[PDB]
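Given as structure tokens, the chain that follows is alone and in the form deposited in one PDB entry.
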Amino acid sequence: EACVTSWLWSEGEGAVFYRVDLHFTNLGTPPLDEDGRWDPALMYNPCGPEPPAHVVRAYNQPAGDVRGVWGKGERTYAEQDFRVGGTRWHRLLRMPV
């Protein structure tokens, strides 16, 4: 694996709390198919089933502002909070910067 973890949560009524595991795959060398040809699947074919749309939109939402960075040992995460629709969201992101 190449893997990092993020966290995401809502405020208010019906607040949700999600762990999200980001698995990275390098596309520099593609896999082979049964005929020995390069298989381009990993470059365009998305995984599924997807989580609820408001959760995906919340996690992927563009937001430039960082409320602050947390740290313990040599692990640093950044916390962001923002509104999508009428819901307030927080996400916590690995940030080795």
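Residue numbers run from 1 along the displayed sequence. Note that the rigid core is defined as the largest set of C-alphas that superpose within 1.5 Å between two forms.
This next part talks about the form deposited in another entry, which is not shown.
- With the core superposed, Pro51 shows a C-alpha displacement below 2 Å between this form and the one not shown.
- Comparing the forms between this form and the one not shown, the C-alpha position of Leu32 differs by 2 angstroms or more, with the core used for superposition.
- Put the two forms on the same core and the Cα of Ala41 is off by 2 Å or more between this form and the one not shown.
- Compared with the form shown here, the C-alpha atoms of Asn60 and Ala41 sit at least 3 Å closer together in the other entry.
- In the other entry, the Cα positions of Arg91 and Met43 lie at least 3 Å farther from each other than in the form displayed.
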